[PDB]
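Visitor: Attaching a single structure in structure tokens format; questions to follow.
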Amino acid sequence: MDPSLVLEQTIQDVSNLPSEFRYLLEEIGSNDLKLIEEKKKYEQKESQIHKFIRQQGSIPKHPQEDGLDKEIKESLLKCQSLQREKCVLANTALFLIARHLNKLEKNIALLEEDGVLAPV
Amino acid sequence: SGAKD
Amino acid sequence: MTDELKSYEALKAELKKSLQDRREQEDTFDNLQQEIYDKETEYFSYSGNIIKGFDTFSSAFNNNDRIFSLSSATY
Amino acid sequence: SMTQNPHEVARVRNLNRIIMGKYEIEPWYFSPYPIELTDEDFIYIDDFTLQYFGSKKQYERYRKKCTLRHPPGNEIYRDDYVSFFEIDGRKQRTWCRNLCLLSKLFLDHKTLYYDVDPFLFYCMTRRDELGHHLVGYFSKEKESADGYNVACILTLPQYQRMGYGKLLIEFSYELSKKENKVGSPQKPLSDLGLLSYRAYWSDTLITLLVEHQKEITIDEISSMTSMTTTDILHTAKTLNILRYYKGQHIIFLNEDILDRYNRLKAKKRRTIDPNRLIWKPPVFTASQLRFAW
Amino acid sequence: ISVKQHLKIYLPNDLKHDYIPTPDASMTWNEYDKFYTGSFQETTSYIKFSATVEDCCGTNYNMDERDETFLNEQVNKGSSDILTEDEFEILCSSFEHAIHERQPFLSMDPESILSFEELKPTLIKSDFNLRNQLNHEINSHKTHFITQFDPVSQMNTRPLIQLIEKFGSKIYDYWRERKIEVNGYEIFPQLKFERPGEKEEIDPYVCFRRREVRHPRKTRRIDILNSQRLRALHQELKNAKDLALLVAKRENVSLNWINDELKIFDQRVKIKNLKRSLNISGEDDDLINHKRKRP
């Protein structure tokens with residue numbers, strides 16, 4: 001057990017992690033741009049239904065209610081897939097750093113069980 | 001050694 | 001036909017509960033967005049980070065380096 | 001694990017026939033795969049993780065669960081034709097071992113005495129709808145004191161005679177040009193690799209000498225092409241470039257040589273684009289230049 | 001067309017023009033489209049990756065032809081509850097890990113392998129712990145924790161703790177007999193390695209020897225210097241995990257926000273169709289979007 005060996009091992013295992021966080025976070029931002037533009041594509045079609053109700057109510061039917069509802073549901077469901085992809089990306093960045101943090105915390109505990117490791 | 005032989 | 005009336009009473013109560021969840025999720029979202037920005041300043045302003053790298057044992061923190069906040073188009 | 005049969009029969013047998021991905025290949029040389037697999041009709045090689053299989057059912061269960069679709073490393077080069085992945089042997093021990101076991105089937109002088117830790121593996125792939133498909137590679141010592149920019153180089157048999165061998169060589173010297181270091185492949189080259197290297201040496205030389213116009217020096221040729229002075233003069237001897245006429249050394253670019261130059265300029269062979277090489281040389285410390293512990 | 005006796009040659013072994021041998025053209029595989037199914041979307045930037053093969057392979061155990069016949073013609077022949085192939089591997093993978101821990105020298109006396117009743121306590125104590133921990137920190141609390149290294153087919157698999165009670169005794173008794181046939185050694189072909197401290201030179205199957213040896217410092221003093229820099233790296237990894245957690249939280253609430261919108265919309269259309277059928281008047285405040293304050 002040697003802190004310089006654990007330090008070498010931890011550095012090498014985390015050497016590409018700063019490059020990986022950028023690759024993941026910029027894939028979330030590129031998908032969040034696709035999300036917002038798709039929000040305008042359904043929030044506008046949803047504004048047409050709500051404006052009709054604000055004047056006449058729900059009992060009267062919008063001239064193209066069945067036509068817009070198919071377009072809102074389709075635009076809303078594709079937004080879900082785009083958001084699920086951003087979740088997976090964010091979870092991997094969390095998973096990688098947490099696993100390396102646990103590996104380091106397990107080695108620190110082993111160094112503390114001996115006399116090798118100095119306190120804080 | 002050197003990946004060759 | 002009374003069953004059709006009870007279903008109308010159940011969906012109204014369920015939609016009020018779904019609208020409440022939408023507001024809570026939207027409300028905690030704004031807290032997290034600001035939380036990320038504040039944690040970037042506290043931590044990034046031995047000198048190893050995720051921004052520069054951990055291997056220091058051998059240039060400034062611009063707002064262009066807030067990769068966590070720039071991962072949301074809202075920011 | 002330390003669980004190995006001491007009474008297990010050790011007999012040298014080459015593999016009958018391997019199935020790497022979609023292609024059926026026949027091994028030329030012995031590779032120390034598990035002794036149980038050397039007596040099987042077909043061996044399945046996953047063309048993403050290079051994992052070996054003797055049972056088709058296991059290869060099915062593995063394929064249905066394997067999520068890897070590209071060489072485990074950073075992509076340092078990508079054009080509309082091929083991509084290059086840089087893989088550390090100490091970081092990707094499992095993957096690099098499987099690559100060396102696969103490569104030994106077709107490399108006669110390749111040796112697996114030591115582990116893959118001291119080697120850097122640069123793998124050239126072809127992107128597809130399924131993912132990146134490994135087509136060839138060249139290994140490289142982490143810090144070669146002998147100036148060897150290529151340890152072992154191999155283009156997979158199912159992707160032969162497609163110009164991939166010339167891309168590996170060209171990319172190998174491109175890394176040396178970025179490192180600002182001259183290089184030469186490891187000395188015991190195979191018959192196939194020796195021809196490919198003599199082709200690269202002669203082609204890049206005649207292209208340089210013609211377009212240079214100004215007077216050139218041997219040391220300057222080594223600076224622009226990152227070729228060793230030995231490889232340059234040997235290529236200059238293979239061609240009739242260097243002549244000693246009337247008490248002085250000169251370069252002779254006769255018409256027969258200029259005819260090959262004209263063919264090369266009209267030919268549309270694939271080349272490496274240095275502008276698409278986003279790669280800075282790896283920096284290793286004294287502790288990192290050891291086998292993992 | 002002179003014939004001083006010449007010989008014609010067909011080329012199962014090719015030639016290229018010392019002469020150089022050339023591999024033959026490689027035939028294609030029939031079931032290739034059956035094994036290799038999926039799509040890899042190319043990213044705009046260059047791929048950044050550092051996970052190992054073990055991270056991307058799934059469960060350690062893989063069923064062979066013999067396990068396939070046993071799963072279908074014994075356990076799932078006419079049983080009420082079917083055992084998934086993925087679940088069958090989870091059981092055996094837990095059996096292999098348990099024996100490797102409790103009986104590392106099973107090859108010494110293979111017949112004395114642990115019984116199922118004796119191994120059951122150890123199977124319970126068996127990165128599932130980390131996966132569930134991150135799932136609680138995100139406050140998702142919904143099914144599984146999904147990453148890039150996870151196929152979608154692993155979600156429909158019952159947990160290991162329940163698989164022991166339902167199919168554990170029947171599967172282990174089969175797996176136990178396999179270990180006996182191999183005399184306590186490895187069931188499936190493994191690579192041959194050099195024993196630590198020993199040197200082997202003759203055996204051709206010994207691969208990837210590592211002869212380097214690190215010796216401890218000739219001192220009992222505490223390495224103050226290399227311990228402070230280790231604590232500093234530990235602090236920066238803690239700060240690293242905090243930001244990655246916040247990002248995973250932000251995208252998760254964004255998923256709950258849209259899952260409400262997708263549900264609220266599906267509820268607003270059902271109400272309107274029911275309001276016109278029941279001729280109920282008004283009530284549309286919840287059916288129209290209002291404007292509140294948002295920074």
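Visitor: Out of all the residues in segment C:19-39, which are within 7 Å of chain E (Cβ to nearest Cβ) and not aliphatic (A, V, I, L, M)?
Guide: C:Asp21, C:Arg22, C:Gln25, C:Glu26, C:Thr28, C:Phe29, C:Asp30, C:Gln33, C:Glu35, C:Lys39, listed by residue number.
Visitor: Pairs needed: first member in segment A:71-83, under 11 Å from E:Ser254 (Cβ atoms) and at the interface with chain E (Cβ under 10 Å from one of its Cβ atoms); second member anywhere, polar (S, T, N, Q) and surrounded by 15 or more Cβ atoms within 10 Å (Cβ to Cβ); C-beta distance under 7 Å; at least 6 residues apart or different chains.
Guide: A:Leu82/A:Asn31; A:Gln83/E:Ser254
Visitor: Can you find a residue that is among the small types (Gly, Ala, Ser) and farther than 30 Å from C:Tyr43 by Cα anywhere in segment E:218-240?
Guide: For segment E:218-240, residues among the small types (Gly, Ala, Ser) and farther than 30 Å from C:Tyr43 by Cα: absent.
Visitor: Still on this structure, please answer the following. Quick check on E:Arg231: is it closer than 30 Å to C:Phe54 by Cα, surrounded by fewer than 19 Cβ atoms within 10 Å (Cβ to Cβ) and within 14 Å of chain D (Cβ to nearest Cβ)?
Guide: No; evaluated as a whole, the condition is false for this residue.
Visitor: Return yes or no: is E:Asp284 in a helix (DSSP H, G or I), of a type in the set (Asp, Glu) and either more than 10 Å from chain C (Cβ to nearest Cβ) or in contact with a helix residue (DSSP H, G or I) (Cβ under 9 Å, 6 or more places away or on another chain) (or both)?
Guide: no
Visitor: Could you grab me the full set of residues in segment E:1-36 that are surrounded by 10 or more Cβ atoms within 10 Å (Cβ to Cβ) and among the polar types (S, T, N, Q)?
Guide: Those that are surrounded by 10 or more Cβ atoms within 10 Å (Cβ to Cβ) and among the polar types (S, T, N, Q): E:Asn13, E:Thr22, E:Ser26, E:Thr28.
Visitor: Take A:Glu27 and tell me if it is buried (at least 16 other Cβ atoms within 10 Å of the Cβ), closer than 30 Å to D:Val283 by Cα and under 22 Å from the mean Cα position of the chain (by Cα).
Guide: yes
Visitor: Okay, next question. Out of segment E:26-67, which residues are assigned to a helix (DSSP H, G or I) and either closer than 28 Å to E:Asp127 by Cβ or small (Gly, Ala, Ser) (or both)?
Guide: Answer for segment E:26-67, where residues must be assigned to a helix (DSSP H, G or I) and either closer than 28 Å to E:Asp127 by Cβ or small (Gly, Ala, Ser) (or both): E:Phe35, E:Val53, E:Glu54, E:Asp55, E:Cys56, E:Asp67.
Visitor: Taking the condition of being outside any loop (DSSP other than H, G, I, E, B) and either assigned by CATH to the domain that holds D:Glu179 or farther than 27 Å from D:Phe106 by Cβ (or both), how many residues in segment D:196-236 meet it?
Guide: Residues that pass the stated criteria total 21.
Visitor: Please specify each residue of segment C:43-69 satisfying the condition of being in contact with a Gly (Cβ under 6 Å, 6 or more places away or on another chain) and buried (at least 16 other Cβ atoms within 10 Å of the Cβ).
Guide: Passing the criteria: only C:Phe54.
Visitor: Here's another thing I want to ask about it. With in contact with a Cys (Cβ under 7 Å, 6 or more places away or on another chain), within 7 Å of another protein chain (Cβ to nearest Cβ) and of a type outside the set (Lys, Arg) as the only criterion, which of E:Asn252, E:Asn239, E:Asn226 stands out?
Guide: Exactly one of E:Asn252, E:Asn239, E:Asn226 is in contact with a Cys (Cβ under 7 Å, 6 or more places away or on another chain), within 7 Å of another protein chain (Cβ to nearest Cβ) and of a type outside the set (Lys, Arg), namely E:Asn252.
Visitor: Residues that are more than 30 Å from D:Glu174 (Cβ to Cβ) and among the acidic types (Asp, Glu): does segment D:68-77 have at least one?
Guide: So far as segment D:68-77 goes, no, none of its residues is more than 30 Å from D:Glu174 (Cβ to Cβ) and among the acidic types (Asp, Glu).
Visitor: Out of the residues in segment C:1-18 that are more than 15 Å from E:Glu283 (Cα to Cα) and in contact with a helix residue (DSSP H, G or I) (Cβ under 8 Å, 6 or more places away or on another chain), which is nearest to the other protein chains (Cβ to nearest Cβ)?
Guide: C:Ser18
Visitor: Can you confirm whether segment E:165-173 contains a residue that is out of contact with any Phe, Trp or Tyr (no Cβ under 7 Å at 6 or more places or on another chain), more than 14 Å from chain D (Cβ to nearest Cβ), exposed (fewer than 10 other Cβ atoms within 10 Å of the Cβ) and not polar (S, T, N, Q)?
Guide: Yes: one or more hits.
Visitor: Take segment C:48-70 and flag every residue that is facing another protein chain (nearest Cβ under 9 Å), touching a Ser or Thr at 6+ places or on another chain (Cβ under 9 Å) and not charged (D, E, K, R).
Guide: C:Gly48, C:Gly53, C:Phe54, C:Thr56, C:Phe57, C:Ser58
Visitor: What are the residues in segment A:17-57 that are over 17 Å from A:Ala90 (Cα atoms) and within 7 Å of chain E (Cβ to nearest Cβ), if any?
Guide: Selection gives A:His50, A:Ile53, A:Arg54, A:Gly57.
Visitor: Going through D:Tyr122, D:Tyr137, D:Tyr148, D:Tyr114 one at a time, which residue ends up being among the aromatic types (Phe, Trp, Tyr), within 11 Å of chain E (Cβ to nearest Cβ) and touching a strand residue (DSSP E or B) at 6+ places or on another chain (Cβ under 8 Å)?
Guide: D:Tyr114
Visitor: Which one of E:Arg292, E:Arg276 is within 9 Å of chain C (Cβ to nearest Cβ) and either surrounded by fewer than 16 Cβ atoms within 10 Å (Cβ to Cβ) or within 44 Å of the chain's Cα centre (by Cα) (or both)?
Guide: Answer to the check: E:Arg292.
Visitor: Related question: What number of residues in segment D:1-39 are among the hydroxyl-bearing types (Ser, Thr, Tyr), more than 7 Å from chain E (Cβ to nearest Cβ) and out of contact with any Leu (no Cβ under 7 Å at 6 or more places or on another chain)?
Guide: Of the residues in that region, 0 qualify.
Visitor: Where residues in segment D:74-111 are among the acidic types (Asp, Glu) and closer than 23 Å to E:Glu54 by Cα, which of them is nearest to the other protein chains (Cβ to nearest Cβ)?
Guide: Result: D:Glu75.
Note that each Cβ is placed from the backbone with ideal geometry, even for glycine, and that neighbours are counted across all protein chains shown. Numbers and lists here come from the model and the stated rules, or from a named source; no laboratory read-out is quoted.
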